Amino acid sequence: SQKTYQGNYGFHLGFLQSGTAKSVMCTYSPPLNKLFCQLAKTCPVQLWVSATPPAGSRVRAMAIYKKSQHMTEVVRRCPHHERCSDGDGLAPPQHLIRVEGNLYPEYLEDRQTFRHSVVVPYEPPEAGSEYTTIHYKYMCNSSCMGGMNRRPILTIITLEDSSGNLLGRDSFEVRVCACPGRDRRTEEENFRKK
């Protein structure tokens, strides 16, 4: 979760460099290791490895509340959006994180913790690339009443083999909001105190 290890494959995440039109809907903050994005907008997250993972490897994405006081609560879409008609025909209505660009994502709910997660097969970079890109979408604002309700979350991306064993793990905070650029500057300026 909060702990990130590269494992035997040197796994870790990367984010889009600044200076692109995508920045308006999705912008990453290095000093805060936090992604600021708008609701239902595709966010390109990069997967970096120093060695090819075993055949059949998978990449899972899960959201957990950052504050230890809310860590046990399952992150889910608020009552309103869970009922909106925005389903892609693949993602369940209550899931916050969706993968865009994949015909066969696996949307899971842990039988014990009841946490939602989405899994897609691991794919190596395109020829001439040092990373693989997976586009994610967050279907609720961090402010949504009855949902995240202004509570910040962390997205945990874990590399696992075909059997479900962890091969690597990385994470980043996320704020789904109306104005990513504005809100990112705010938190960064506020951060400039130490």
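From 1 onward, residues are counted along the sequence shown.
As recorded in the PDB entry, 125-133 is the stretch of 125-133 and 41-49 with the greater mean C-alpha temperature factor. Ranked against the other modelled residues of its chain, the C-alpha B-factor of residue 169 as given in the entry falls in the middle third. Placement of the Cα temperature factor of residue 118 within the chain: lowest third of the modelled residues, per the deposited record. For residue 79, the recorded CA B-factor ranks within the lowest third of the chain. Only modelled residues enter the ranking. The entry lists a Cα temperature factor for residue 176 that places it in the lowest third of the chain's modelled residues. The PDB entry assigns residue 33 a C-alpha temperature factor belonging to the middle third of its chain's modelled residues.
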